[PDB]
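A.B. asks: Protein chains in written order, with PDB author numbering: chain A, 1 to 94; chain G, 1259 to 2050.
From the three backbone atoms N, C-alpha and C, an ideal C-beta is built for every residue, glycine too.
Please see the structure below; I have some questions.
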Amino acid sequence: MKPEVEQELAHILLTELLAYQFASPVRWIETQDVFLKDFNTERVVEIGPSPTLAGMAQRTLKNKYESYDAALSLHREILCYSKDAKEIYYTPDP
Amino acid sequence: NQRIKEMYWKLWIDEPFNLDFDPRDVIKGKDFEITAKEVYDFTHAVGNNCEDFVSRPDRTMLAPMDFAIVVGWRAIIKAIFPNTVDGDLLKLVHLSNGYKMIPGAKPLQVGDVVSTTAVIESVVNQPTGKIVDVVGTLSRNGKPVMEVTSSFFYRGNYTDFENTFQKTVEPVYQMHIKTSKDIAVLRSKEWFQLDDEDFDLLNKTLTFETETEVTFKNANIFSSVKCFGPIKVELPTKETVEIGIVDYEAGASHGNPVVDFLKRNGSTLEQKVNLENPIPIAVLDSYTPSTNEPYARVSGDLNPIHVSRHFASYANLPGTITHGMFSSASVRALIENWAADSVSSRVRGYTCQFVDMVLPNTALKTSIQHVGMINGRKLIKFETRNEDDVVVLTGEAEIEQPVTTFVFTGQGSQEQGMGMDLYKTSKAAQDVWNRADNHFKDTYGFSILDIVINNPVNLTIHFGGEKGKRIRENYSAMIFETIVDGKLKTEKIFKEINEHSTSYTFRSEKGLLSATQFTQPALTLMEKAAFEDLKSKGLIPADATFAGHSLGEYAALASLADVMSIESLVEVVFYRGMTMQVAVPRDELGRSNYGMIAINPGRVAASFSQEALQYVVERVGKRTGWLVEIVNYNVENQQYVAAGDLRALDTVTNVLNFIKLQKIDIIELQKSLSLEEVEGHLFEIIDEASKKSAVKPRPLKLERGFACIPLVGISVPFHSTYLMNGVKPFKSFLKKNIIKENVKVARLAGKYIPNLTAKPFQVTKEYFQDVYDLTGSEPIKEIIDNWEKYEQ
């Protein structure tokens, strides 16, 4: 497939996505089954003013990724930009 | 020296002895098929405990990067042999040894056959001696996997400036042409030749794939400098095309003019950000082995000086000096345990400079530090010191941060003075805010920065002068292309605004920072600014995934995708805001009979799942005749946000409160007791709940259920079926505002997670078909029907 054809298809796919995300229920469960499970995410950074999606990522982990994660020995970091700016910037106080 | 090359040839080189070859002619090493034995032996020799290099079944046994010398060494050392590069091999110093995995190269497997190639760059005759830096390019399946960079030193006096040369491939430099004197500068530059002389450079980024060949006369005078390469431009598609050439040639030069230009008027492609404080990782005690024989055998570095007492003594060395590369590999193994989190794949690069000399049976101590980042890769500085409190080894280690998924917060989370400190402190923050501020003041004649800072209760927009005309113009432009019975029902926003409207008032109950058309810009804007600050710090892995909650998705895609610019972002997010404000009937207070309830399925009953509440809302919506559904599938059986009618929220709250008080499950009674009985038995509960919910006034307060929680100040039912009619204008906007070119599929591909289809962004007929099924659309239906016509 040509570059500019794919740039046409990816634009119209994006316009669809945003246009219907506008007014459709958000399957946020299956995103949390994509990145935490399928991609095996090791750091969850909530770019927000207050930690809520950190709350929902944590509660997804301690429900259905408590036994799955400890077997692979992977360390999840549930961060939000508002509260854990130290750890995202890596600036521990002495 | 010729006999010394001969003898080192016999101990080292496995070819027919002839030193009569051009150093400038690229050297090809023979294929070395990696085996699990040679890896096991090399790992035990260096003292590598990593599970990555253990032969475990099913998984493919990784290769240590240290082993990359064993393949490469054959070609690498071979570079020092030529009759051009004359010197005693005994008084040869290994200065620096660098390994860089080129980004996109997966680490070596166990069944690989690796193509070895070495080229000779830096043959410089110093007054102290002769530094030879040689580039070994190792390739698997034709593609380069790692680069092996070695700097070697002949001690003595080398006045060999005839065959002295420097063949560096100068880094590429981007040059942004904003001002009219900049193109005047580049056209004043003689060496800037173009393919078409008339080519406009205004608002262009020009890259120079330039490389310099210098012959020397003296230690500083360059007898001739030939700096040349193709000048390309970043196209709107972000493809690179050659539009000009640098063809700089000069004789007795003391330096390059282009390099001086660049250190004042050129910007390096890559900067390595510094932390305020270097993070103390560890200080780990390395120990050299009694004998170097187990390392020398596997490595193939048969310099006797590492093993032979008689050799070491003849070379004025204080003993059978331990292989420096041994201690290097030993210290990286400690970097891999501590800073690579016991992972071999997390290593990008590793450069090690041998400062001092190390003997067998020594008590070294390695001071490791996490100092920096560069584009998501942590920078590790380690030094190695002996018992005598003398630093023997230095080195730098670029280490990939793992998969870090981003989640961007939606609405309701807004507060006063959000992201003010960052707006004062960070440069990039200032830049985002100021850009969006300037856009808003020139476009809509209001300061979003004013609104986030102090939150005025009401904000006037005065069309009072010439400035007021261009502001008012676009205040007539926004419309609702709402779909009603198949025909466009165009409703302009602010019907009051017309050709004779001089002033309009944005009216909020408590403060306009609460009204969604100012939350959405403010939230998104801050998040973008915060992420730009993270990128100016280089703390974001390029392998990261990213998603959003409701509004956040727009902030997430703007940040991690850069699909739409700051002015694009603010216009589209403000359009969304007002398009959702005025998609619903309101009053003077901006109160609508719509909102949300965050329902805990486990609270009403533990056995109560998300298929039970989906049935409950499906049955309540039809029995009441009001509009409500589940709009955010947040946590599985712990939080589902349901947006819809305020009476529909109140009746559903009453239904789930009564079900918890009665302690009866709908899933037990439907499958186990009687079939199609709990349907007519549910409608009496929904009737009872709906008659009490309806009586209450249209602006009824939303109160907390036992499972349910009221989303405070949510007038709009976001993501509900109520504003499916408002999709037709929004798509009409998105096609005008998102550009063909500005979409970069690779940077989106497997990285952007859409909210509709929680599957990584993929451009394939299956994904279009999945989107078409989930919500029918004429463009994607046409595209799947015409799929095989776009491939060719």
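Count the C-beta pairs between the stretch 1649-1668 of chain G and the stretch 1573-1589 of chain G that are closer than 8 Å, then say yes if the count reaches three, no if not.
C.D. replies: yes
A.B. asks: In this structure, does DSSP put G:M1583 in helix, strand or coil?
C.D. replies: helix
A.B. asks: If we cut at 8 Å on Cβ distances, does A:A23 have a partner in chain G?
C.D. replies: yes
A.B. asks: Rounded to whole angstroms, what's the CA-CA distance from G:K1268 to G:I1563? Just pull it up for me.
C.D. replies: 16 Å
A.B. asks: Give the interface partners of A:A10 over in chain G, defined as CB-CB distance under 7 Å, in chain order.
C.D. replies: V2001, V2003, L2006 and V2021
A.B. asks: What does the alpha-carbon distance come out to for the pair G:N2044 and G:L2032?
C.D. replies: Here the alpha carbon of G:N2044 sits roughly 19 Å from the alpha carbon of G:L2032.
A.B. asks: So who's on the other strand from residue 2053 of chain G, going by DSSP bridges?
C.D. replies: Residue coverage of chain G in this structure runs from 1259 to 2050, which leaves residue 2053 of chain G outside it and unanswerable.
A.B. asks: G:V1312 by DSSP, collapsed to three states: which one?
C.D. replies: Residue state, collapsed to three classes: coil.
A.B. asks: Rounded to a whole number of angstroms, what is the C-alpha to C-alpha distance between G:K1401 and G:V1430?
C.D. replies: 22 Å
A.B. asks: What does the Cβ neighbour count give for G:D1791, buried or exposed, with the cut at 16 atoms within 10 Å?
C.D. replies: buried
A.B. asks: DSSP on G:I1489, reduced to helix/strand/coil?
C.D. replies: strand
A.B. asks: Below 7 Å between beta carbons is the criterion; list the residues of the stretch 1873-1895 of chain G that meet it against any residue of chain A, in chain order.
C.D. replies: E1887, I1888, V1889, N1890, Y1891, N1892, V1893 and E1894
A.B. asks: Within the chosen definition, does the stretch 1337-1344 of chain G reach the stretch 1308-1323 of chain G through at least 3 CB pairs nearer than 8 Å?
C.D. replies: no
A.B. asks: How many whole angstroms separate the CB atoms of G:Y2030 and G:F2019, which I take to be in contact at a CB cut-off of 8 Å?
C.D. replies: Between G:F2019 and G:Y2030 the Cβ distance is about 16 Å, and since that is not below 8 Å, they are no contact.
A.B. asks: Can you give, in chain order, each stretch of the alpha helix (DSSP H) that sits fully within the stretch 1430-1482 of chain G and has at least 4 residues?
C.D. replies: 1438-1446
A.B. asks: Let me know if G:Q2050 comes out buried or exposed under the rule of 16 or more other beta-carbons within 10 Å of its beta-carbon.
C.D. replies: exposed
A.B. asks: How far does the alpha helix (DSSP H) with G:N1712 in it reach, from first residue to last?
C.D. replies: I1706 to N1712
A.B. asks: Nearest-angstrom Cα distance between G:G1677 and G:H1807?
C.D. replies: 19 Å
A.B. asks: Only counting the same chain, and skipping five residues up and downstream in sequence, which positions put a Cβ closer than 8 Å to that of G:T1620?
C.D. replies: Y1545, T1546, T1580, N1644 and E1645
A.B. asks: At a CB-CB cut-off below 8 Å, which residues of chain G make contact with A:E6?
C.D. replies: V2003 and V2021
A.B. asks: Could you spell out the range, first to last residue, of the alpha helix (DSSP H) harbouring A:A10?
C.D. replies: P3 to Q21
A.B. asks: At a Cβ threshold of 8 Å, is A:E87 touching chain G?
C.D. replies: At least 8 Å separates the CB of A:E87 from every CB of chain G.
A.B. asks: Starting from G:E1724, follow the alpha helix (DSSP H) in both directions and report where the run begins and ends.
C.D. replies: Unbroken run through G:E1724: none, as it is neither H nor E.
A.B. asks: Does DSSP put G:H1807 in a helix, a strand or coil?
C.D. replies: DSSP places G:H1807 in coil when its eight states are reduced to three.
A.B. asks: Determine the direct distance from the alpha carbon of G:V1605 to that of G:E1594, and round the result to whole angstroms.
C.D. replies: So the two alpha carbons sit approximately 8 Å from each other.
A.B. asks: With burial defined as no fewer than 16 other Cβ atoms inside 10 Å of the residue's Cβ, what is the status of G:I1262: buried or exposed?
C.D. replies: exposed
A.B. asks: Classify G:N1355: buried if its beta carbon has 16 or more other beta carbons within 10 angstroms, exposed otherwise.
C.D. replies: By the neighbour-count definition (other C-beta atoms within 10 Å, threshold 16), G:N1355 is a buried residue.
A.B. asks: At a Cβ cut of 9 Å, what residues of the stretch 39-72 of chain A count as close to chain G, listed as they run along the chain?
C.D. replies: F39, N40, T41, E42, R43, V44, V45, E46, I47, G48, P49, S50, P51, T52, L53, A54, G55, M56, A57, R59, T60, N63 and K64
A.B. asks: Considering only residues of the same chain and omitting the five flanking positions on each side of G:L1818, which have a CB-CB separation below 6 Å?
C.D. replies: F1804
A.B. asks: Buried or exposed for G:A2004, please, with buried defined as at least 16 other CB atoms from any protein chain shown within 10 angstroms of its CB.
C.D. replies: Answer is exposed; the Cβ neighbour count stays below 16.
A.B. asks: In angstroms, rounded to a whole number, what distance separates the CA positions of G:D1559 and A:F39?
C.D. replies: 41 Å
A.B. asks: Give the straight-line distance between the Cα atoms of G:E1999 and G:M1433, rounded to the nearest whole angstrom.
C.D. replies: 21 Å
A.B. asks: Within the 8 Å Cβ cut-off, does G:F1988 reach chain A?
C.D. replies: yes
A.B. asks: Just the chain A side, please: which residues come within less than 7 Å of G:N1595 by C-beta, in chain order?
C.D. replies: Those do not exist, as G:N1595 stays about 14 Å from chain A at its closest Cβ, beyond 7 Å.
A.B. asks: Candidates G:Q1384, G:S1397 and G:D1458: which alpha carbon is nearest G:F1423's?
C.D. replies: G:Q1384
A.B. asks: In the DSSP assignment, find the beta strand (DSSP E) that holds G:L1533 and state where it starts and stops.
C.D. replies: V1531 to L1542 is the extent of the beta strand (DSSP E) around G:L1533.
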